[PDB]
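This report concerns only the one structure given below.
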Amino acid sequence: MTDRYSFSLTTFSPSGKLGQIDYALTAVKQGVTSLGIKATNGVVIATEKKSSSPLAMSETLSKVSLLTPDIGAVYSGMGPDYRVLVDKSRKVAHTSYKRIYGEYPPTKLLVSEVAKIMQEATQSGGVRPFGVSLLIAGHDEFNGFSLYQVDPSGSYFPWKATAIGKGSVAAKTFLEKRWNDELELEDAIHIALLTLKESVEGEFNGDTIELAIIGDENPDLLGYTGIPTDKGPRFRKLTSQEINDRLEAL
Amino acid sequence: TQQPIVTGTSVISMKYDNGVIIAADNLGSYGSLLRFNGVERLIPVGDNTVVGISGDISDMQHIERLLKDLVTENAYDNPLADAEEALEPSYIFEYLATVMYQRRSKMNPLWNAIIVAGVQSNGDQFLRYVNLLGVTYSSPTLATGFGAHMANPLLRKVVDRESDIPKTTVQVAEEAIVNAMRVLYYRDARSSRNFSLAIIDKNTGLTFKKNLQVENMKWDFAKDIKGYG
Amino acid sequence: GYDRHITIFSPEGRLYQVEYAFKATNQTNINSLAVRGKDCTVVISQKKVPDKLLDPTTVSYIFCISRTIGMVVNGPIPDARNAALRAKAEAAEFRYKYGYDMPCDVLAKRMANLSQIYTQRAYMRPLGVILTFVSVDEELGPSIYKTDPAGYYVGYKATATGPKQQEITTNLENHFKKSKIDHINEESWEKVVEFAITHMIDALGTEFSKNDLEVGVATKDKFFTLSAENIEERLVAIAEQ
Amino acid sequence: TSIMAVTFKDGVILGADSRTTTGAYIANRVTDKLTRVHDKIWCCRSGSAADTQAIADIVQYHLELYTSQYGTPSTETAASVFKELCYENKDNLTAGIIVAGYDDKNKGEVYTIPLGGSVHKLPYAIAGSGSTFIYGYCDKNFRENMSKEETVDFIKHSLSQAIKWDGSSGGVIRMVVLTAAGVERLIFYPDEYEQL
Amino acid sequence: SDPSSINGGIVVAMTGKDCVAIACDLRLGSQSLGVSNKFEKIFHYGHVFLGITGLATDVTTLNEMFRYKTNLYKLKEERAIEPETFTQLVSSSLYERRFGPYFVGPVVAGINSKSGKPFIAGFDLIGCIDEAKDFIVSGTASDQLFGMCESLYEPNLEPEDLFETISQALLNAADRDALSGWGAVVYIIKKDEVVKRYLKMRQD
Amino acid sequence: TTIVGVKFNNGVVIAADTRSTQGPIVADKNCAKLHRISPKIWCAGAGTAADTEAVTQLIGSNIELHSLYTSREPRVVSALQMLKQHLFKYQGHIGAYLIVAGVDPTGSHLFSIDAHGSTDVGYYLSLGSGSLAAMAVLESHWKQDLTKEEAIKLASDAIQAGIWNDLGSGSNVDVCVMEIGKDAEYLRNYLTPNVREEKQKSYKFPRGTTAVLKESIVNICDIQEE
Amino acid sequence: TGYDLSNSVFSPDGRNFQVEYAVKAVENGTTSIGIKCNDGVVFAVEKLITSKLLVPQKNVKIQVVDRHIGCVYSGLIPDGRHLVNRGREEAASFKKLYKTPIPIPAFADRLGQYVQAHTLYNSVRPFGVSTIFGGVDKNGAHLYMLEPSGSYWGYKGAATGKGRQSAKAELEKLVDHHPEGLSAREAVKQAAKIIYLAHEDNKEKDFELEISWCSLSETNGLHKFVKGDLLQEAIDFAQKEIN
Amino acid sequence: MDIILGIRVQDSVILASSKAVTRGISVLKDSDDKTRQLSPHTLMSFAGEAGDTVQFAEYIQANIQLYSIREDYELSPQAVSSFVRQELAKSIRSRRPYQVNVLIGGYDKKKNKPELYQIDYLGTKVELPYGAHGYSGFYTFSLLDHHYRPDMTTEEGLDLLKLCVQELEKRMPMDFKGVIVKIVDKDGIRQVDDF
Amino acid sequence: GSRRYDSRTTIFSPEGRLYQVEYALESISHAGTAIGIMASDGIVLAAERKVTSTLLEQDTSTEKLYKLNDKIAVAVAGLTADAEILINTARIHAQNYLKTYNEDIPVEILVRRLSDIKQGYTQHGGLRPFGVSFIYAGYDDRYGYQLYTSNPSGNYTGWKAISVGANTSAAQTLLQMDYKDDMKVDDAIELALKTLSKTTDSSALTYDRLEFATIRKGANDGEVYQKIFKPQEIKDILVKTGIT
Ligand SMILES: [Cl-]
Ligand SMILES: [Mg+2]
Ligand SMILES: [Mg+2]
Ligand SMILES: [Mg+2]
């Protein structure tokens with residue numbers, strides 16, 4: 001046995017292309033649309049819960065994941081690759097930051113750590129790149145609210161708003177017309193729901209849409225009282241009911 | 001480095017004209033506490049060898065398992081496992097002696113004194129000693145612990161040198177062994193009345209005697225002894 | 001065309017070795033079905049003993065992973081047992097480290113993560129199996145979680161796997177469309193097994209004897225498999241109404 | 001600590017006091033020293049509490065994994081796993097463990113594993129600091145194939161005396177009964193056993 | 001032999017109204033022998049100040065280590081580290097040497113640049129944080145400092161009053177310790193100005 | 001240090017004093033000894049203070065990751081198993097003696113764990129140099145089916161026994177109450193029976209009392225533009 | 001194509017061609033069988049006498065594992081020996097930890113997992129043997145057969161090698177004509193016959209019969225080779241049936 | 001080894017180091033040079049455990065010479081002293097620490113300043129106008145504290161050094177067989193052959 | 001076995017070229033142009049972001065210009081993710097040096113270290129090289145202001161003015177035409193922006209498509225200041241130099 005693939009599986013072609021990264025991006029293109037919009041007092045990330053079967057309980061499949069109390073993530077592309085990246089992202093937030101500084105990492109640095117992991121799968125021996133693009137929304141004290149995209153290459157870019165996957169080209173054009181620097185969180189959620197409806201074929205409701213926000217601190221979700229400085233997580237996943245309420249005002 | 005915990009006392013043995021005899025009591029001491037009263041310290045290997053073990057009992061049980069594994073291993077891909085390529089006493093001893101010396105050389109000894117008694121393929125008597133240090137020696141009579149100090153003198157009165165061996169019958173040898181066990185019972189505070197005795201003879205093979213007792217004891221003279229002066 | 005031999009991306013962004021591992025899944029030509037009751041989770045699987053020289057008691061694709069978790073496998077038996085042994089080891093280690101029994105969904109996720117690794121690391125091939133884990137979880141209740149060679153997993157109200165999964169799936173879909181509940185509203189596991197067998201008969205259009213089926217039942221604090229005579233009693237009850 | 005296990009007609013019963021001391025201070029007066037490593041394989045622990053707990057947890061893990069693969073383990077198998085840990089790690093352990101279990105084929109069995117990591121199969125076994133005071137009593141009063149009630153009395157009376165003389169032993173007398181009928185826990189309080 | 005008292009020296013830190021003060025003696029010695037009267041024990045990384053008493057080689061090593069780490073912190077975070085964060089970094093760094101520790105008694109002092117809140121903290125040689133509101137002491141005359149601080153200290157002292165209080169706490173504590181003295185420095189720290197004062201004291 | 005844990009009707013309460021010492025010297029007069037492993041699993045530590053803090057945070061960190069991985073709220077038995085196996089591995093060299101208490105989907109729990117890795121179950125426990133003083137109170141007043149209010153009272157009384165009678169313990173009483181189906185309520189400085197009396201004299205100096213050799217501005221700002 | 005050039009590669013069918021090619025090596029080997037009797041198992045194998053220079057009864061093929069398990073295989077003999085060596089390590093470690101000798105189903109999986117491991121990587125070649133093995137444990141007699149893929153099942157009778165079809169047909173008759181069961185001594189006789197009958201596929205060269213057995217009554221649950229008079233009696237019985 | 005002294009004057013650093021090598025009962029040598037040139041304008045004297053002193057000194061010398069060749073540049077005395085300190089600070093927590101105390105006398109050609117660094121085997125570094133290791137400071141520092149001036153000439157430094165050595169020869173029990181004196185300035189390193 | 005799938009990233013062609021290095025250089029030729037110009041009183045770094053969007057958050061974005069320490073910065077051309085791996089290593093090297101010698105790392109020593117790391121990937125390990133070219137802008141008290149470049153081969157050279165990425169041939173000719181030795185930073189700023197404006201593949205050069213930095217002794221007295229230009233500051237300098 002032993003892993004005898006100690007050589008790169010991603011290499012430069014004569015034209016300068018890194019084929020495997022391009023092909024990973026193609027897999028992301030086939031993936032279900034997900035988007036992110038940044039407001040003045042929050043960030044919203046959203047995607048469609050494309051249920052593989054009606055017998056499947058799609059609530060048990062979380063496309064939108066909490067990374068830290070103030071950072072959340074959504075993806076387009078290969079689900080299983082995303083799931084393991086979430087596990088690694090959650091851990092690295094502790095091992096390379098919280099266990100050192102006694103606090104959770106700022107969005108940009110956690111993104112940087114996730115980006116590094118994805119870069120290494122692009123150069124390390126005997127592995128393929130991750131077939132996902134991530135959208136990571138978060139808040140921290142000194143940088144405020146932010147939204148980042150991370151690609152299979154490990155490249156990451158900050159966005160005011162963006163979309164990835166299936167109908168990203170049309171969705172991004174839709175977002176360009178609607179986005180301004182004076183949006184409140186509820187306005188961003190409204191735009192998110194509007195944008196997401198265009199790429200969704202079938203049912204469009206709280207059970208088929210997954211949506212989360214990075215907004216105000218939620219002391220009700222902290223689980224304990226007594227420490228004034230601890231005010232609760234800014235990440236909050238919207239319920240099926242909360243989504244449907246906003247679909248009537250749509 | 002360790003210390004023995006549960007321990008077995010003397011193993012005694014001698015050669016006679018047609019084979020060897022070996023004996024050891026059935027006690028497992030826990031310091032001065034006579035804790036376990038049914039411990040078999042003579043372990044036969046095949047029908048030609050008996051390994052007698054004193055000292056640490058946990059290590060004895062480990063050695064017992066090594067010997068059991070040695071028999072299994074010898075039988076592998078061996079059509080003559082019950083004939084020409086059966087385990088000899090000399091093979092069993094040399095293996096143990098290797099292990100004992102290796103273990104002491106790693107400063108982690110098997111805390112035992114061992115006597116391998118048996119009869120070789122050609123009928124020759126085999127009797128050799130090995131202990132926790134890897135020290136080995138052979139003699140017409142061999143004994144461990146207290147037996148070395150009390151049994152050997154008595155057994156050497158029967159077989160004092162090599163030329164006494166052919167003159168010594170199995171009856172005389174067994175009688176001498178049994179008497180020595182009685183003497184040890186009188187004088188060793190970590191001995192028991194119950195013991196096992198094994199005879200390996202080139203003609204009659206391996207005779208294993210269990211549940212033997214020290215008998216014909218002299219105690220009557222104690223009644224006359226009064227005070228300390 | 002070495003992109004078809006190892007788990008790297010094809011120009012279409014596909015992993016062919018993963019796709020071919022899905023095809024190996026149906027090599028046994030066996031169909032399995034899992035459903036949830038009120039207090040139990042039942043899994044049934046076709047049993048085919050094509051050779052008379054076989055000992056039929058050793059022919060099985062249902063595994064007792066832990067006391068609480070059962071697993072049925074769709075795929076070749078070597079890969080099935082590979083996954084079974086690992087799942088057992090993972091479930092035991094979990095209990096030792098964290099002081100409580102490994103939940104069915106957590107085991108499914110763990111085995112799915114392992115599978116995902118085989119789709120990303122070139123030296124390891126995917127296992128050509130689909131793993132359906134069942135239990136009555138102490139927090140979530142009756143549970144069905146299924147894993148595949150892609151490293152995908154999800155919970156199910158009910159599920160079916162095999163060559164004729166679609167027929168069974170649609171049959172189950174239609175029943176739950178009527179009842180409008182996520183489970184079989186039945187008290188005893190015996191009747192939930194009868195439901196499972198009845199609907200497999202309807203979907204496949206075949207009758208079963210006691211030796212044609214294999215049944216696993218999960219209740220609170222234990223998973224167990226039924227004997228041929230237990231299944232016979234089940235088949236008699238089905239025929240008598 | 002005073003611990004014992006006794007085989008009888010219908011199976012085996014484990015017994016223990018409940019006192020855990022740090023020097024002369026009783027750190028826990030209601031300790032449970034009867035530990036479950038499998039459904040009908042339990043053990044009595046003496047020596048280092050950290051060591052015996054660590055060992056027992058590892059054994060429980062091993063027997064759980066054994067069961068998943070090979071079905072219910074024998075009491076002998078459980079004793080062997082205990083022994084392997086105790087013997088191989090003798091330099092770093094202070095553990096005296098009695099293993100008791102019920103098979104249907106073998107019925108009640110008792111194995112004692114003292115400090116060195118040796119194994120001894122016995123009709124009954126006593127261990128812990130308090131056992132020293134009841135070697136005489138237990139040897140005189142033990143009979144094979146006792147009834148459940150007789151064995152409960154034998155253990156109750158024995159541990160009563162061990163508790164009476166040993167300062168390291170005390171509290172309640174806990175007992176676990178292992179038979180074909182199942183697993184029964186018993187407890188006996190000072191006001192009961194002190195007047196015996 | 002005792003590593004924490006070979007070289008000698010002391011650090012003290014105090015909070016005041018919208019300000020913090022940190023002070024140290026200047027002595028480095030080899031037991032009885034005075035070796036240097038210019039061995040400063042207070043360092044700073046941006047606006048966060050760190051005093052370190054104990055074994056002098058470790059004092060130097062830790063200063064270099066925390067300069068190292070706070071420089072990388074700044075490059076990645078794009079901002080200067082804060083006293084609360086740095087305190088956790090010191091604690092983490094010390095505890096990672098749990099079974100081969102730096103023989104030091106570090107003291108953090110500074111003002112949070114965003115909240116404006118004065119902050120001080122102390123540590124034992126393996127990282128246990130003492131986050132006192134009033135004062136932190138460290139070194140071979142820590143007993144003497146505790147005695148001085150406990151009686152001399154009152155809350156909400158103005159910067160120039162706090163200077164006198166901390167100075168007198170250090171000086172008189174140092175004069176009752178053989179291994180402390182030979183000069184002293186006092187930092188008065190406000191949100192965007194820091195003043196450093198060398199004190200005149202007896203040189204025995 | 002005095003630390004106690006007390007089970008009650010619908011949960012568990014943990015309490016501690018607030019004195020941390022260096023030998024006979026009081027390092028901190030208002031130390032926080034009640035640590036959070038997770039939102040509803042808290043523990044109090046005696047022994048080497050940094051070993052108690054470090055082992056809490058490490059297991060607390062891993063408990064959080066475990067909770068995220070399994071999509072389940074952390075259990076006290078998990079924290080316990082992880083703590084004891086970590087401590088046992090280090091053979092008592094990590095001098096952490098903890099009382100671990102909490103609520104989880106399984107119910108309410110109370111455990112003690114000692115540096116070598118042995119754990120114990122109980123309805124009432126005490127730890128630290130004032131444990132004997134505390135346990136005297138617990139053994140005198142504990143009963144089955146205590147209410148929340150009774151348990152808080154008993155816990156704080158046990159800590160007070162340590163405060164007054166143990167020289168290793170002092171200052172204030174911290175309490176944390178973990179009730180089933182509720183947020184854990186951390187009550188920092190629940191009792192404050194040791195406020196220092198006003199001093200006889202103000203020791204504020206006249207300005208210019210201290211002799212100064214040199215003054216200088218310290219550049220804390222970065223390298224400037226232009 | 002090219003899917004068959006590397007082990008552990010799934011073809012578009014979902015097949016591992018390298019494992020299927022290993023089966024060809026097995027099919028090329030001599031005939032070996034196993035018969036499960038009332039209280040034990042019997043193993044027999046065809047040994048082709050390539051030349052007169054071969055010393056009779058010396059090149060023993062059947063192998064013992066521990067003291068209660070017998071193993072016989074067809075195909076590449078060295079591969080079979082390698083598997084048995086592993087089996088012996090597995091059995092030793094099991095007994096070391098658990099005291100009791102390894103149960104036959106437990107042992108079967110140990111071999112099965114090891115063989116299956118050699119279908120997971122391209123850095124190893126699959127085993128070129130099918131192994132028939134078994135013995136007596138606490139739950140009675142067990143007979144197994146293990147293929148290059150790692151697949152194994154329990155059997156009433158088993159056969160592999162060049163004359164497997166012939167052997168299987170003979171085994172199937174025994175199963176039908178004896179639902180109550182076969183005695184150990186009967187199984188030895190029948191094993192001799194079946195090897196003799198299966199030798200028609202290898203009729204060019206003459207052969208040597210080798211039989212072993214584990215039986216609760218006949219061998220005390222230990223694996224033993226059938227020797228001397230009992231072997232000759234089985235050879236006579238076999239020779240009588242072919243004529 | 002025994003006595004090593006250092007004094008930084010106006011325009012140079014002077015290092016004085018004893019000549020005796022004693023192995024227990026006998027004085028094996030009375031002309032030993034306890035110093036190594038690390039670079040043209042940097043000199044290091046040393047004292048401590050036998051063997052380790054020379055091994056460490058030559059190891060440092062090799063490293064500085066390697067740096068000099070790689071970069072075609074002479075490291076400043078400060079940079080060299082920091083490198084040396086780290087090596088000793090690394091060494092003190094090693095399996096077997098270097099038991100070596102050093103004085104580094106260098107002339108910084110960039111700043112046109114002499115510099116004297118004292119480093120002990122723990123990695124305790126201090127920059128001084130004058131320094132010593134062992135018991136040498138106990139006898140000499142009272143004289144240096146009195147007479148030293150920062151504007152002293154090299155000749156005055158040597159005269160103050162003579163007074164220090166005389167006091168050592170009077171009150172020290174051990175015969176250290178005099179000292180070898182070396183001067184480090186802008187022109188490099190030279191040895192005073194009559195002292 | 002595994003050999004079948006090995007591309008062999010570290011082999012010579014028959015002409016004595018390193019395939020992967022050459023192909024990595026081809027990749028870099030499609031990256032946004034970066035320019036460095038060294039003047040007597042400072043250094044200029046100017047770089048073009050690749051076809052951006054209006055929704056990209058520019059003020060928090062960094063793809064071209066990175067700080068290695070207070071004295072040294074780099075301009076990147078190629079795979080950004082690859083660059084960040086090397087940048088972090090370089091930052092650590094600079095701090096290691098500072099801890100060891102208590103002096104800031106000389107520019108060339110840092111450049112040589114990174115270049116050696118790149119070289120290693122071309123000679124051993126069987127891994128693909130880093131698809132990155134750097135322009136290093138830095139200052140030390142030995143050589144003063146310095147410009148270097150390194151490419152995937154691990155070869156590095158010093159420059160008065162240099163470009164990397166797209167249209168380097170056109171850019172270098174333009175720089176060679178207008179560069180003079182007595183040039184000042186403000187003149188170099190203009191040259192850099194003019195050169196990008198002519199060589200760009202975009203229709204026009206705007207602030208949102210640029211990253212800009214200067215290393216000046218225009219720091220109050222005997223010290224050096226790094227200035228990573230803000231979006232508004234890039235917009236102002238574009239108006240000042242008369243490009244927009
Ligand atoms: Cl995982
Ligand atoms: Mg693969
Ligand atoms: Mg008592
Ligand atoms: Mg003083």
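So you can find residues: chains in the structure tokens are A, B, ... in the order shown, residues in each start at 1, and ligands are numbered from 1 in order.
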
Practice problem: Please identify all polymer residues within 12 Å of residue 105 (chain B), counting only C-alpha atoms, omitting same-chain residues fewer than 4 positions from it, and present them as a count of residues only. | Solution: 11

Quiz item: Hey, what's within 7 Å of region 77-88 of chain D if we count only C-alpha atoms and toss same-chain stuff fewer than 2 positions away? As number ranges by chain, please?
Solution: D: 55, 59, 73-75, 90, 93, 99, 111, 113, 116-119; G: 97-100

Using C-alpha atoms, can you export the residues from the last selection as a PDB file, in the first residue's frame?
ATOM      1  CA  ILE D  55      -8.428  -0.270  32.471  1.00  0.00           C
ATOM      2  CA  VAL D  59     -11.868  -3.502  28.485  1.00  0.00           C
ATOM      3  CA  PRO D  73     -17.511 -12.916  24.836  1.00  0.00           C
ATOM      4  CA  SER D  74     -16.824 -15.484  27.534  1.00  0.00           C
ATOM      5  CA  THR D  75     -15.865 -14.446  31.062  1.00  0.00           C
ATOM      6  CA  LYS D  90       2.638  -3.665  35.278  1.00  0.00           C
ATOM      7  CA  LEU D  93      -0.230   0.347  37.096  1.00  0.00           C
ATOM      8  CA  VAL D  99     -13.587 -10.350  37.119  1.00  0.00           C
ATOM      9  CA  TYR D 111     -11.129 -14.632  37.928  1.00  0.00           C
ATOM     10  CA  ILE D 113      -6.007 -10.481  38.717  1.00  0.00           C
ATOM     11  CA  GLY D 116       1.522  -8.526  38.955  1.00  0.00           C
ATOM     12  CA  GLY D 117      -1.043  -9.176  36.202  1.00  0.00           C
ATOM     13  CA  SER D 118      -1.338 -12.923  36.785  1.00  0.00           C
ATOM     14  CA  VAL D 119      -4.736 -14.621  36.357  1.00  0.00           C
TER      15      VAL D 119
ATOM     16  CA  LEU G  97      -5.609 -11.171  23.391  1.00  0.00           C
ATOM     17  CA  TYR G  98      -8.764 -13.287  23.817  1.00  0.00           C
ATOM     18  CA  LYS G  99      -7.249 -16.590  25.089  1.00  0.00           C
ATOM     19  CA  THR G 100      -9.718 -18.774  23.155  1.00  0.00           C
TER      20      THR G 100
END

Practice problem: For ligand 2, collect every residue having any atom at a distance of at most 8 Å from a ligand atom (counting only C-alpha atoms and all ligand atoms); output as a PyMOL selection string. | Solution: chain C and resi 6-8+17+117-126

Quiz item: Near residue 77 (chain A), counting only C-alpha atoms, which residues have an atom at most 7 Å away, once you skip same-chain residues fewer than 3 positions from it, shown as a ChimeraX atom specification?
Solution: /A:27-28,30-32,131-133,165

Exercise. Step by step, measure atom-to-atom distances between ligand 4 and each residue using only C-alpha atoms and all ligand atoms, keep those at most 12 Å, then write them as a PyMOL selection string.
Key: chain E and resi 8-10+25-29+32-34+37+140-141+144+170-184+201-204

Self-check item: Test item: residues at most 6 Å from residue 166 (chain I), only C-alpha atoms, excluding those fewer than 3 positions along its chain, as a PyMOL selection string
Solution: chain I and resi 29-33

For the selection just defined, write its residues with N, CA, C and O atoms to a file, as a PDB file, in the first residue's frame.
ATOM      1  N   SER I  29       2.088  35.074 -18.288  1.00  0.00           N
ATOM      2  CA  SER I  29       1.944  36.051 -19.373  1.00  0.00           C
ATOM      3  C   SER I  29       0.495  36.500 -19.599  1.00  0.00           C
ATOM      4  O   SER I  29       0.260  37.490 -20.286  1.00  0.00           O
ATOM      5  N   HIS I  30      -0.468  35.771 -19.036  1.00  0.00           N
ATOM      6  CA  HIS I  30      -1.883  36.150 -19.114  1.00  0.00           C
ATOM      7  C   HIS I  30      -2.371  36.872 -17.856  1.00  0.00           C
ATOM      8  O   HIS I  30      -3.516  37.313 -17.803  1.00  0.00           O
ATOM      9  N   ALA I  31      -1.514  36.977 -16.844  1.00  0.00           N
ATOM     10  CA  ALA I  31      -1.869  37.676 -15.615  1.00  0.00           C
ATOM     11  C   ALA I  31      -1.760  39.179 -15.820  1.00  0.00           C
ATOM     12  O   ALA I  31      -1.052  39.641 -16.718  1.00  0.00           O
ATOM     13  N   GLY I  32      -2.464  39.935 -14.980  1.00  0.00           N
ATOM     14  CA  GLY I  32      -2.441  41.391 -15.035  1.00  0.00           C
ATOM     15  C   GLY I  32      -1.032  41.934 -14.902  1.00  0.00           C
ATOM     16  O   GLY I  32      -0.230  41.420 -14.117  1.00  0.00           O
ATOM     17  N   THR I  33      -0.728  42.974 -15.673  1.00  0.00           N
ATOM     18  CA  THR I  33       0.617  43.530 -15.710  1.00  0.00           C
ATOM     19  C   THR I  33       0.954  44.199 -14.385  1.00  0.00           C
ATOM     20  O   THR I  33       0.138  44.927 -13.825  1.00  0.00           O
TER      21      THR I  33
END

Quiz item: Which chain E residues are at most 10 Å from chain H (counting only C-alpha atoms), as a list in words?
Solution: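 Taking only C-alpha atoms into account, residues 7, 28, 30, 33, 34, 35, 36, 37, 38, 39, 55, 56, 57, 58, 59, 60, 61 and 100 of chain E sit within 10 Å of chain H.
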
Output C-alpha atoms for every residue in the selection just made, as a PDB file, in the first residue's frame.
ATOM      1  CA  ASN E   7      19.048  38.230  37.947  1.00  0.00           C
ATOM      2  CA  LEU E  28      20.510  43.018  36.096  1.00  0.00           C
ATOM      3  CA  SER E  30      24.455  37.616  38.829  1.00  0.00           C
ATOM      4  CA  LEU E  33      27.026  40.930  41.727  1.00  0.00           C
ATOM      5  CA  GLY E  34      25.410  43.927  40.030  1.00  0.00           C
ATOM      6  CA  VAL E  35      26.056  43.608  36.283  1.00  0.00           C
ATOM      7  CA  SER E  36      23.929  46.222  34.491  1.00  0.00           C
ATOM      8  CA  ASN E  37      21.986  49.327  35.524  1.00  0.00           C
ATOM      9  CA  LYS E  38      20.423  49.783  32.066  1.00  0.00           C
ATOM     10  CA  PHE E  39      18.485  46.529  31.743  1.00  0.00           C
ATOM     11  CA  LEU E  55      15.447  35.036  34.318  1.00  0.00           C
ATOM     12  CA  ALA E  56      16.990  37.663  32.027  1.00  0.00           C
ATOM     13  CA  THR E  57      17.760  35.363  29.085  1.00  0.00           C
ATOM     14  CA  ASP E  58      14.045  34.450  28.988  1.00  0.00           C
ATOM     15  CA  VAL E  59      13.064  38.098  29.347  1.00  0.00           C
ATOM     16  CA  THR E  60      15.080  38.850  26.194  1.00  0.00           C
ATOM     17  CA  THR E  61      13.881  35.711  24.392  1.00  0.00           C
ATOM     18  CA  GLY E 100       9.803  23.359  30.347  1.00  0.00           C
TER      19      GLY E 100
END

Exercise. Using only C-alpha atoms, select each residue of chain I with any atom at most 9 Å away from an atom of chain E, and give the selection as a VMD selection string.
Key: chain I and resid 67 to 69 91 to 92 95 to 96 98 to 100 102

Could the residues in this selection be saved with N, CA and C atoms as an mmCIF file, in the first residue's frame?
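Listing of again_3.cif after writing:
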data_model
loop_
_atom_site.group_PDB
_atom_site.id
_atom_site.type_symbol
_atom_site.label_atom_id
_atom_site.label_comp_id
_atom_site.auth_asym_id
_atom_site.auth_seq_id
_atom_site.Cartn_x
_atom_site.Cartn_y
_atom_site.Cartn_z
ATOM 1 N N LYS I 67 2.455 43.238 1.480
ATOM 2 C CA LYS I 67 3.484 43.695 2.394
ATOM 3 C C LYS I 67 4.211 42.486 2.974
ATOM 4 N N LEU I 68 5.536 42.468 2.874
ATOM 5 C CA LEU I 68 6.327 41.382 3.463
ATOM 6 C C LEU I 68 6.837 41.779 4.841
ATOM 7 N N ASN I 69 7.285 43.022 4.950
ATOM 8 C CA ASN I 69 7.510 43.666 6.239
ATOM 9 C C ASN I 69 7.397 45.181 6.050
ATOM 10 N N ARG I 91 7.305 36.300 4.808
ATOM 11 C CA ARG I 91 7.048 37.070 6.022
ATOM 12 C C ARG I 91 7.700 36.413 7.237
ATOM 13 N N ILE I 92 7.592 35.087 7.318
ATOM 14 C CA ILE I 92 8.190 34.314 8.408
ATOM 15 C C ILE I 92 9.719 34.373 8.352
ATOM 16 N N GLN I 95 10.934 37.678 9.747
ATOM 17 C CA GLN I 95 10.833 37.694 11.203
ATOM 18 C C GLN I 95 11.871 36.802 11.878
ATOM 19 N N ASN I 96 12.153 35.647 11.274
ATOM 20 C CA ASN I 96 13.223 34.768 11.749
ATOM 21 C C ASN I 96 14.559 35.492 11.764
ATOM 22 N N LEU I 98 15.029 38.806 11.783
ATOM 23 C CA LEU I 98 14.938 39.882 12.770
ATOM 24 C C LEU I 98 15.135 39.364 14.192
ATOM 25 N N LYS I 99 14.565 38.202 14.497
ATOM 26 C CA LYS I 99 14.743 37.596 15.815
ATOM 27 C C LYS I 99 16.193 37.166 16.041
ATOM 28 N N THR I 100 16.821 36.618 15.009
ATOM 29 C CA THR I 100 18.180 36.085 15.136
ATOM 30 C C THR I 100 19.230 37.188 15.292
ATOM 31 N N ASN I 102 18.535 40.708 15.280
ATOM 32 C CA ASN I 102 17.996 41.971 15.794
ATOM 33 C C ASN I 102 18.177 43.126 14.797
#
